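Here's the structure we're looking at; comments come further down.
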Amino acid sequence: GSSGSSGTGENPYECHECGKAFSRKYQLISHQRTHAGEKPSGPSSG
Ligand SMILES: [Zn+2]
């Protein structure tokens with residue numbers, strides 16, 4: 001279909017890696033676990 005029903009309204013907890021959003025703090029931490037493994041390319045790079 002063509003009905004993009006997003007689910008982002010009250011999410012005071014957003015991931016500082018990708019940009020996800022969660023209702024509670026833990027709800028976010030559990031996600032960050034996926035990023036855990038290697039550091040991205042920030043400083044000293046493009
Ligand atoms: Zn993330």
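Chain labels run A, B, ... following the order of the structure tokens; each chain numbers its residues from 1, and ligands are numbered from 1 in the order shown.
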
Exercise. Could you give me, as a list in words, every polymer residue with an atom at most 6 Å away from an atom of ligand 1, counting only C-alpha atoms and all ligand atoms?
Key: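 My answer, listing the contacting residues, is residues 15, 17, 18, 19, 20 and 32 of chain A.
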
Writer output for current selection, N, CA, C and O atoms, as a PDB file, in the first residue's frame:
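Dumped to part28.pdb:
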ATOM      1  N   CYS A  15      18.702   7.465  19.895  1.00  0.00           N
ATOM      2  CA  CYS A  15      20.050   6.938  19.731  1.00  0.00           C
ATOM      3  C   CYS A  15      20.981   7.996  19.147  1.00  0.00           C
ATOM      4  O   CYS A  15      20.658   8.639  18.148  1.00  0.00           O
ATOM      5  N   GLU A  17      23.642   7.466  17.653  1.00  0.00           N
ATOM      6  CA  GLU A  17      24.473   6.776  16.674  1.00  0.00           C
ATOM      7  C   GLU A  17      23.803   6.763  15.304  1.00  0.00           C
ATOM      8  O   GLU A  17      24.392   7.183  14.307  1.00  0.00           O
ATOM      9  N   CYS A  18      22.567   6.278  15.261  1.00  0.00           N
ATOM     10  CA  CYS A  18      21.815   6.209  14.014  1.00  0.00           C
ATOM     11  C   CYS A  18      20.719   7.271  13.979  1.00  0.00           C
ATOM     12  O   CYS A  18      20.547   7.966  12.979  1.00  0.00           O
ATOM     13  N   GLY A  19      19.983   7.390  15.080  1.00  0.00           N
ATOM     14  CA  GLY A  19      18.914   8.369  15.154  1.00  0.00           C
ATOM     15  C   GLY A  19      17.584   7.748  15.533  1.00  0.00           C
ATOM     16  O   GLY A  19      16.526   8.303  15.238  1.00  0.00           O
ATOM     17  N   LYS A  20      17.637   6.592  16.185  1.00  0.00           N
ATOM     18  CA  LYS A  20      16.428   5.894  16.604  1.00  0.00           C
ATOM     19  C   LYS A  20      15.763   6.611  17.774  1.00  0.00           C
ATOM     20  O   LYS A  20      16.330   7.541  18.347  1.00  0.00           O
ATOM     21  N   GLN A  32      21.367   0.260  21.314  1.00  0.00           N
ATOM     22  CA  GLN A  32      22.773   0.626  21.186  1.00  0.00           C
ATOM     23  C   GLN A  32      23.659  -0.616  21.167  1.00  0.00           C
ATOM     24  O   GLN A  32      24.754  -0.599  20.606  1.00  0.00           O
TER      25      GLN A  32
END

Quiz item: Could you pull the residues within 6 Å of residue A:11, counting only C-alpha atoms, minus those fewer than 5 positions along the same chain, as a count of residues only?
Solution: 3

Exercise. Work out how far apart atom CA of residue A:28 and atom CA of residue A:14 are and give it in Å to one decimal.
Key: 6.8 Å

Looking only at the backbone, which of the residues in chain A does DSSP tag as strand (DSSP E), as a PDB file with N, CA and C atoms, in the first residue's frame?
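Printed below is part-v3.pdb as written:
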ATOM      1  N   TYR A  13      14.049   9.462  24.370  1.00  0.00           N
ATOM      2  CA  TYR A  13      15.299   8.715  24.299  1.00  0.00           C
ATOM      3  C   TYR A  13      15.632   8.344  22.857  1.00  0.00           C
ATOM      4  N   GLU A  14      16.555   9.090  22.258  1.00  0.00           N
ATOM      5  CA  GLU A  14      16.963   8.839  20.881  1.00  0.00           C
ATOM      6  C   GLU A  14      18.416   8.376  20.819  1.00  0.00           C
ATOM      7  N   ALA A  21      14.559   6.170  18.125  1.00  0.00           N
ATOM      8  CA  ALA A  21      13.819   6.768  19.230  1.00  0.00           C
ATOM      9  C   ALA A  21      13.120   5.700  20.064  1.00  0.00           C
ATOM     10  N   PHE A  22      13.080   5.912  21.375  1.00  0.00           N
ATOM     11  CA  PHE A  22      12.442   4.965  22.284  1.00  0.00           C
ATOM     12  C   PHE A  22      11.652   5.698  23.364  1.00  0.00           C
TER      13      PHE A  22
END

Exercise. Determine which residues of chain A receive a DSSP assignment of alpha helix (DSSP H), computed from the backbone, and state them as a VMD selection string.
Key: chain A and resid 25 to 35
